[PDB]
């Protein structure tokens, strides 16, 4: 028995406050009844389906049912219950199920969708500002480090020494001046690491949430960037560091720059914004003395960060700043009493305050772990998709993982992993998952591949074609490598002699295909083949199809069975050297290929 359904047209259609749902079946012993099992205000309903008279494709039977949109919550969850006289079988995002699927692992469509619809149209670029570009027209003591900061010329090797204290002097005007490069790359949106006043180079040790650090050009340079990006039709996301402050923040003031710091004054207005021993000594947070954790048990703190009208979260989302969203640093540990108590409520409060100021604000969190409980409760829009995208590819392609432990997973396991994760997410959620290969917090993926660096182009193609929004970590596109923090923060090589121009061109081309084809931005996704070295999946949107074939190993041929999803007029190869003929994929060694239908 075979079945097909994706939570997108041609399988679903909205008409006059009804959501029409279509299922495809094929086989010799087809069920004489099918029930659409759909939820309405968390109650399970058994909606009848009826057999369509016309076969949508050869050998396929279509069943159709209807979800009433006038009642119920925006997220429409459903699965299919196949019924014979003596038995039943469920059809789900994870193929067939003999017992009922988890309620939170059904197909799901958000209708009406109140999420940030612009995200699916973006190509993001992540910039660590000190290391990207110095503007054309262009030392103090770091108390938490115990020594003055260090200045380095752009071509000086990056070392393990003075990791959080070494500045190459990149700034926000440098970004503005490189907008033509980024535009040519096909970037439409920027995610910046922290820019607010802070003593370190990474600035996760925030000293002032209301002022841009002068080292990066201060307030005027961020305003210029907001103007220049808007002018070029680009989105701009700031790093929101609300789990903790820096220990030079005036609220805390460990090195006693002034008065009323919480660290040394029991009567400080911010004393209950932090955690102290019974004797009144400030607790460190996880060995990090420089990053004291904020205590969201305090109502006055909640008001400062997100609760009030001029809270921090809302401040940078209104004029004159008008930023497009927040990436939430340490989204999973923020909470009360020194740990994650009530974490979900505080993340939801942040997101709600952001959307109050700016309805289409994009709020997404740094989740190295499993983000599904956060996303299934709608406390944020999206997550940095380490568990659903990054680590599956680190395993399948680079034989390693979050802990840099060895991994040996084949194609079957990789795609079971990736499909299981997104089964927990609505289609609209899947399309805005923040996908990337590495970050300021990981070793460079090019490094992790080691002897198999020839696989790097496969990951780039995958980055732009899996459901979700792709994010390029600055320098990835010209071949920058290096180990984990501090060595993943190399200065960008603007000398073309030091750039991998062939890799740059592949990024450019992939962004071109994504902008050109609706299925790469809105489409459903069906894995058609996954065995050993080869993954084949199709993106599906209305009548259009995008086929992707990835082969991590030696040259091979793969027979692709007849699928009603592949029943098109014909295929046009757009990228890669693969070839498709009469159901046979001829795949060169270490290759990825992309076809468009018709």
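Residue numbers count along the first chain shown, from 1.
- Going from residue 138 to residue 139, the model skips 4 to 9 deposited residues, which lack coordinates.
- Set 250 to 258 against 360 to 368 and average the Cα temperature factors; 250 to 258 ends up higher.
- Higher mean CA temperature factor, per the PDB entry, when comparing 141 to 149 with 202 to 210: 141 to 149.
- Of the residues listed, 35, 68, 551, 42, the entry assigns the biggest Cα temperature factor to 68.
- Within the selection 221, 472, 286, 409, the deposited Cα B-factor values reach their highest point at 286.
- Ranked by Cα temperature factor within the chain, residue 110 sits in the lowest third according to the deposited record.
- In the PDB entry, a CA B factor belonging to the middle third of its chain's modelled residues is recorded for residue 64.
- Residue-level temperature factors show residue 132 in the lowest third of its chain, judged at the C-alpha atom.
- Sort the modelled residues of the chain by CA B factor and residue 264 lands in the highest third.
- Compared with the other modelled residues of the chain, the Cα B-factor recorded for residue 20 ranks in the highest third.
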